[PDB]
């Protein structure tokens, strides 16, 4: 029963989900395109069960590891897209840039003394704000100027979320059965930041 023990276990499962998502990303290149949408709907259902439903018992380890593998498969269409227009190295550039932001802002938030719970209103509303223009991009693609602003704001908002989330892990009372869902949260914050950085470096290193 210590914060130094739980935070090490949460970050251990968090690294496992990144490795599992990397395997699913490698497997995802063989998955047909028609299966990407059903698997995406499967992820949305899993996210609602994990966070948005009032459940008595938190999600287990098999649920988070399964989501990480399925999430890695559906990341291939966007990873391969920006690898075609910007290069295969840009994907590693944005993947590495996500780690240094996760490490810098994650360590600062976890080591912070201030309780940043009051940012819940601004960050939830900021993510909802970014989610609305994301739906607009699905049905109608944004130009280079607006997509750049969407990726830059997305990088700033989801970086602040990593600072807020890991700061709340220290300040809030985390139990033993919350390790999977909290590691799933850190995985989703990693993916959202990775996608925006992949868009940021993709447009910056693109031919148009």
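Numbering follows the first chain given and starts at 1.
Just going by the entry, 45 to 53 versus 148 to 156 on mean CA temperature factor gives the higher value to 45 to 53. Higher mean CA B-factor, judged across 31 to 39 and 137 to 145 from the recorded values: 137 to 145. Across the options 90, 100, 127, 79, the residue with the most elevated CA B-factor in the record is 90. The PDB entry assigns residue 164 a C-alpha temperature factor belonging to the lowest third of its chain's modelled residues.
Residue 61: CA B factor lies in the highest third for its chain, per the PDB record.
In the deposited entry, the Cα temperature factor of residue 119 sits in the middle third of values across the chain's modelled residues. Per the deposited record, the Cα B-factor of residue 83 falls in the middle third when ranked against the other modelled residues of its chain. When the CA B factors of the chain's modelled residues are split into thirds, the value for residue 75 lands in the middle one.
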